[PDB]
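S.K.: this one's experimental. Sequence and coordinates below.
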Amino acid sequence: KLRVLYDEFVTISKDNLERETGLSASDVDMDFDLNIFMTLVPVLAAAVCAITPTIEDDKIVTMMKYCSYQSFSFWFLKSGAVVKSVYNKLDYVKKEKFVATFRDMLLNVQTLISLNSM
């Protein structure tokens, strides 16, 4: 299920990043990116609020402000764009779906951290 979420995140991100920058994406490496998210989860939770199933959309959007695409496999060091820059280009319905996708990704990654911790 994480793979489906991640592919969706990547597909939406690439299309918008490419349209904005005229640049091409680099190869996708999910395991690399999951590891990046594992670093991001605790920092986002500390800087914004706890990541739980009930987290407000507004809080997720704030987290998107601080997540830089330069860190991910498919946009590695390409530009300084953050996730909110992609969110900003989506229509009303797609913004809502993107928030859900990102939230659920973060929740799944946090589950992995919890597993590894135990």
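M.R.: That came in fine, so what should we check first? Numbers count the residues shown, from 1 in each chain.
S.K.: could you use CA atoms for every contact and neighbour count after this?
M.R.: Fine.
S.K.: residues near residue 60, how many?
M.R.: 21 (other Cα atoms under 10 Å).
S.K.: pull out the buried residues from the helix or strand containing it.
M.R.: Secondary structure assigned from DSSP states H and E places residue 60 in helix 57-66. Residues of helix 57-66 classed as buried by neighbour count (16 or more other Cα atoms under 10 Å): 59-64, 66.
S.K.: excluding chain neighbours, what is closest to the residue nearest the centre of the chain?
M.R.: When Cα atoms, centre = their mean is applied to the chain, the residue found nearest the centroid is residue 102 (5.2 Å). Closest residue to residue 102 apart from its sequence neighbours, by Cα to Cα, 6 or more residues apart in numbering: residue 9 at 7.1 Å.
S.K.: got a list of what the one you found touches?
M.R.: Residues near residue 9 by Cα atoms under 8 Å, 6 or more residues apart in numbering: 98, 101-102.
S.K.: let's have the residues you listed in JSON lines, adding distance to residue 88 and secondary structure.
M.R.: Below are the contacts of residue 9 laid out as JSON lines (distance: Cα to Cα, whole Å; DSSP: H, G, I helix; E, B strand; the rest coil):
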{"residue": "98", "distance to residue 88": "10", "secondary structure": "helix"}
{"residue": "101", "distance to residue 88": "15", "secondary structure": "helix"}
{"residue": "102", "distance to residue 88": "14", "secondary structure": "helix"}
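S.K.: nearest to residue 52 among the residues you listed?
M.R.: residue 102 (12.4 Å; Cα to Cα).
S.K.: before we move on, back to that, farthest-apart pair in the buried residues of helix 57-66, please.
M.R.: Taking Cα to Cα as the measure, the buried residues of helix 57-66 span a maximum distance of 11.3 Å, between 59 and 66.
S.K.: so residue 55: helix, strand or coil?
M.R.: Assigned with DSSP: H, G, I helix; E, B strand; the rest coil, residue 55 falls in the coil class.
S.K.: quick one: it from residue 61, how far?
M.R.: To residue 61, residue 55 is 11 Å away according to Cα to Cα, to the nearest Å.
S.K.: now do residue 54
M.R.: Taking Cα to Cα, one finds residue 54 at 14 Å from residue 61.
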